[PDB]
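Every chain is numbered from 1, with letters handed out A, B, ... down the list of sequences. Below, all heavy atoms of this structure are taken into account, side chains as well, without hydrogens, waters or symmetry copies.
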2 protein chains.
Amino acid sequence: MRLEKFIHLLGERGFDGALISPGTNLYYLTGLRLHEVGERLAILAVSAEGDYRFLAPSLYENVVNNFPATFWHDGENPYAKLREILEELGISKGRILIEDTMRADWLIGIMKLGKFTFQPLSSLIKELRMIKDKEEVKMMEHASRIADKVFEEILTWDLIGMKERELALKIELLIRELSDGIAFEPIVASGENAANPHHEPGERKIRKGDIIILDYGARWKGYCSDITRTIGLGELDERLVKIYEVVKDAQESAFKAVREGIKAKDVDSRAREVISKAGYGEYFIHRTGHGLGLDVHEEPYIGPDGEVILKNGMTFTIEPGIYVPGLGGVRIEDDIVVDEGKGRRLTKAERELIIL
Amino acid sequence: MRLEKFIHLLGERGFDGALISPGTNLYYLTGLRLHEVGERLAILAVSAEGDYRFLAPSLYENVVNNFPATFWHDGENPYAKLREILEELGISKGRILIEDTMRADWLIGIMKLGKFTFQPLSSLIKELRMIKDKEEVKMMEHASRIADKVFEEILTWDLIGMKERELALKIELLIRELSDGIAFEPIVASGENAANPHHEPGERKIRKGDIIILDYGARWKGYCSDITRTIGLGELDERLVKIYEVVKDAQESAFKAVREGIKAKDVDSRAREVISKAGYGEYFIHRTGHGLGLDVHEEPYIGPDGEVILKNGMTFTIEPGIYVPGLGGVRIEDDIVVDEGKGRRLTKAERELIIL
């Protein structure tokens with residue numbers, strides 16, 4: 001039903017076709033999932049007229065089930081074969097949509113197969129992936145349930161003396177034990193390191209009195225969870241303890257604002273005000289949240305520039321934070337779904353400051 | 001020196017400039033490594049004239065040391081900044097090289113900034129990366145020894161009853177403990193699964209009278225190693241015991257042929273023949289080897305179609321294998337460098353058939 005919707009949306013937006021290499025959009029539209037395609041051309045070609053065919057390497061003729069395909073064996077010109085296909089479907093010319101993540105060398109080769117005008121696939125497919133159906137929501141619910149479990153386990157561990165890199169690996173292994181896999185490399189940021197929102201876990205040793213930001217995600221049947229919790233070891237610097245209650249206030253505030261009909265930027269400003277009034281405006285260096293589903297980052301974005309009007313079925317994160325260089329930082333992140341016109345938390349983990 | 005050679009080569013070959021997104025190629029040329037850039041435009045623009053600039057998101061400001069860079073902040077159009085950059089470097093039109101792995105949406109956005117003709121960066125960059133300098137070789141030698149240690153280590157585990165997936169997991173962790181990370185996901189193919197070269201370690205438990213293909217690699221300062229050993233647990237089927245002897249001699253013959261001045265395909269043919277003469281020809285379904293370095297697969301390709309004339313500094317694998325359905329499989333792989341006009345094994349792990 002999705003592929004058919006997408007096709008309808010294509011015509012209505014004036015496009016003549018789309019070329020979709022392996023990834024989440026391909027999966028979304030067909031359920032197809034190839035393992036490590038690499039440099040071998042694999043492309044789902046779709047006509048606005050309703051016709052479609054998937055060109056893939058002979059190696060994958062078992063994973064493609066009975067999906068309308070054409071294979072090419074090592075030695076053939078995949079690109080020439082694709083051209084044949086584009087000819088049948090009648091799209092060897094026109095305004096074509098291209099999967100955002102496709103390798104540039106594939107697009108370059110494809111550029112020689114006809115007169116085309118390109119556009120990123122997401123400019124249009126977001127309209128579909130942004131509104132989660134009932135099953136997708138159930139899936140994101142389970143992934144959030146796992147993200148919660150992992151937090152509970154981490155709290156029974158002995159962190160003192162562990163290096164960030166080591167803690168992150170334990171988390172990753174735990175997530176690979178509980179689910180399909182990590183939605184992204186876990187992030188552990190302690191002490192002063194928690195001041196950089198995009199910090200990469202390293203050799204810093206966690207000690208008594210260290211604040212710790214933990215950000216990780218699990219995948220469940222393709223859907224992702226993304227949760228962040230900030231914990232303290234022993235007694236935290238009083239300046240960070242204060243900061244924490246504010247961030248907590250900012251997040252709960254942005255959450256209560258979640259209503260069908262309100263603009264995304266308004267959910268952002270709601271957290272942003274709480275943090276400005278407390279005086280830490282200059283330390284909240286990123287958006288309040290972003291959407292999630294099959295990818296960690298997708299529409300809609302919850303920042304000062306978010307123009308999307310929230311509607312039921314949308315799923316995104318609410319994770320404001322405060323970062324102070326040389327001191328540390330705090331972030332609390334929840335995964336949210338718009339349900340019955342209201343904001344509902346998919347993740348339930350403890351939001352109060354936890355002093356291990 | 002590298003960037004400068006690259007600039008020289010650029011001009012000699014006809015190109016006006018190059019646009020290089022994050023990855024091995026960017027690292028090779030500038031030592032720059034950007035963690036999980038994702039959707040954020042990050043590009044090194046280079047003109048054939050000698051000028052060059054790196055556009056990156058502000059987040060990486062400290063990770064870019066003193067490299068000539070322009071930073072953009074979430075909320076601006078990085079494509080607009082790139083325009084200015086191309087304008088000043090004189091490359092807002094012309095023939096440009098594009099990082100093969102660059103996101104298609106980036107290339108599409110770049111297409112709006114001018115009238116270009118593209119070509120994949122690899123077609124030219126391979127000339128430089130194909131000849132490893134002394135340090136690079138030291139790096140690889142380090143990754144190779146680590147691959148050897150891991151093999152010695154594996155021979156001490158109790159493999160009976162262990163799932164393929166569980167062993168690969170143990171190998172992965174040992175590799176991550178001992179180096180900078182895995183070169184790729186470890187492969188463990190037991191029993192009849194050893195028949196599929198592309199086998200993905202599964203839930204099959206390793207029992208006695210089982211042959212096991214162990215393929216994994218490590219990374220040291222960006223450089224890779226790729227080794228493969230096949231062992232037997234308890235006594236194996238005599239047929240396999242002999243197929244093993246074939247592979248051993250084959251791998252040895254291809255190795256002995258390695259010399260400066262001969263064509264890649266001839267090394268392949270040397271091993272390929274040893275196998276045919278034994279009658280196992282239709283069971284050797286892939287190239288004898290491939291070059292390695294910052295990537296697991298690179299020039300030159302040691303197969304039927306390899307036209308590269310071998311020289312000093314080239315590093316590649318010699319990994320011939322026999323795969324018989326319903327029976328099993330065997331492959332012995334070493335990493336080789338052309339040193340002093342002769343081949344020199346970087347990987348030294350025992351090659352005799354080991355039974356546990």
Side-chain angles (χ1 to χ4, degrees), chain A residues 140-157 159 167 171 174-175 178 183 186-190 194-195 197 210-218 224-259 267-278 280 283-292 296 302 315-324 328-339 342-356:
Chain A
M140 288 183 70
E141 283 173 346
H142 198 166
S144 282
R145 223 169 291 139
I146 290 171
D148 284 342
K149 192 88 146 300
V150 176
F151 184 57
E152 286 157 54
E153 171 71 342
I154 294 173
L155 291 179
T156 84
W157 294 347
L159 291 14
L167 178 50
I171 296 184
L174 181 60
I175 294 174
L178 285 33
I187 288 181
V188 183
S190 54
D210 276 22
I211 195 175
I212 316 170
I213 288 187
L214 299 174
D215 186 324
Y216 57 83
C224 308
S225 66
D226 173 8
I227 179 166
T228 300
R229 285 293 176 276
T230 297
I231 62 171
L233 244 36
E235 293 306 309
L236 297 167
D237 178 308
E238 104 277 323
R239 283 168 300 180
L240 289 167
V241 173
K242 292 177 175 67
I243 289 177
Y244 187 109
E245 267 30 271
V246 182
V247 176
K248 199 181 66 168
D249 275 5
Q251 204 236 39
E252 176 62 39
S253 187
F255 174 69
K256 294 327 305 283
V258 177
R259 232 216 311 115
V267 171
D268 178 76
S269 104
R270 176 64 169 290
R272 203 137 238 124
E273 35 186 281
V274 169
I275 293 179
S276 289
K277 283 167 58 183
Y280 304 90
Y283 302 127
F284 181 4
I285 300 188
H286 58 68
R287 300 200 183 76
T288 298
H290 53 78
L292 35 23
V296 191
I302 317 304
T315 52
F316 53 81
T317 63
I318 287 179
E319 56 178 316
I322 282 164
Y323 312 93
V324 177
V330 178
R331 199 202 316 134
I332 301 177
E333 156 175 56
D334 279 314
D335 295 337
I336 298 76
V337 65
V338 181
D339 194 2
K342 192 216 294 84
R344 172 158 72 70
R345 283 192 166 100
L346 302 171
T347 64
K348 302 183 191 67
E350 186 65 281
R351 266 162 234 97
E352 293 307 333
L353 206 178
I354 299 175
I355 292 299
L356 290 184

Looking only at heavy atoms, which two atoms of A:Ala218 and A:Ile146 are closest? And how far apart?
CB-CG2, 3.8 Å
How are the rings of A:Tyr283 and A:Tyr280 set to each other: parallel, tilted or perpendicular (split at 30° and 60°)?
tilted
Mind running side chain to side chain contact (heavy atoms under 4.5 Å, CB included) on A:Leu236 and A:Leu353 for me, showing each step along the way?
CA-CA 10 Å; A:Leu236 297 167; A:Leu353 206 178; 4.0 Å; yes
Donor-acceptor pair, side chain of A:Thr230 and main chain of A:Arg331, under 3.5 angstrom:
yes
Could you walk me through whether A:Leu167 and A:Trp157 pass side chain to side chain contact (heavy atoms under 4.5 Å, CB included), step by step?
CA-CA 10 Å; A:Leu167 178 50; A:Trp157 294 347; 3.9 Å; yes
Minimum-distance pair of heavy atoms, taken over all atoms of A:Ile355 and A:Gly234:
CG2-O, 2.7 Å
Looking at every heavy atom in both A:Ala147 and A:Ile227, which two are closest together, and how far apart are they?
CB-CG2, 3.7 Å
Rounded to the nearest 0.5 angstrom, the CD1-CD1 distance for A:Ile231 and A:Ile213 is 11.0 Å
Roughly how far, to the nearest 0.5 Å, is CG of A:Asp226 from CG of A:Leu292?
6.5 Å
So how far is it from A:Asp148 CG to A:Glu153 CD, rounded to the nearest 0.5 Å?
13.5 Å
Check each of A:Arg344, A:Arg229, A:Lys256 against A:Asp334 using the salt bridge (charged side-chain N to carboxylate O under 4.0 Å, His left out) test, and report the only one that passes.
A:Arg229
A:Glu319 and side-chain hydrogen bond (donor to acceptor under 3.5 Å, both in side chains): which single residue from A:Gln251, A:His290, A:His286 fits?
A:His290
Drop me the distance from A:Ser225's OG to A:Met140's CE, to the nearest 0.5 angstrom.
8.5 Å
Do the side chains of A:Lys248 and A:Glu245 get close enough for a salt bridge, i.e. N-O under 4.0 angstrom?
yes
How long is the straight-line distance from CD1 of A:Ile332 back to CD of A:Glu352, given to the nearest 0.5 Å?
8.5 Å
Between the CD1 atom in A:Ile243 and the CD atom in A:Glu238, the distance rounded to the nearest 0.5 Å is 9.5 Å
Heavy atoms of A:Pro320 and A:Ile275 approach each other most closely as CB-CD1, 4.1 Å
Partner residues of A:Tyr216 under the ring pair (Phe, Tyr, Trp, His ring centres under 6.0 Å) criterion, sequence neighbours left out:
none
Kindly determine whether A:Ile302 and A:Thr317 satisfy side chain to side chain contact (heavy atoms under 4.5 Å, CB included), including the steps that lead there.
CA-CA 8 Å; A:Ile302 317 304; A:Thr317 63; over 6 Å; no
Decide yes or no on side chain to side chain contact (heavy atoms under 4.5 Å, CB included) for A:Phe151 and A:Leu155, but give the supporting numbers first.
CA-CA 6 Å; A:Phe151 184 57; A:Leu155 291 179; 4.0 Å; yes
Would you call A:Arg345 and A:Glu252 a salt bridge, using N to O less than 4.0 angstrom?
yes
For A:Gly329 versus A:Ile211, what's the shortest heavy-atom pair and its separation?
O-CD1, 3.5 Å
Checking A:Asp210 side chain against A:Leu233 main chain: does a donor-acceptor pair fall under 3.5 Å?
no
Could you pull out the closest heavy-atom pair between A:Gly343 and A:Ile336, with the gap in Å?
CA-CG2, 4.1 Å
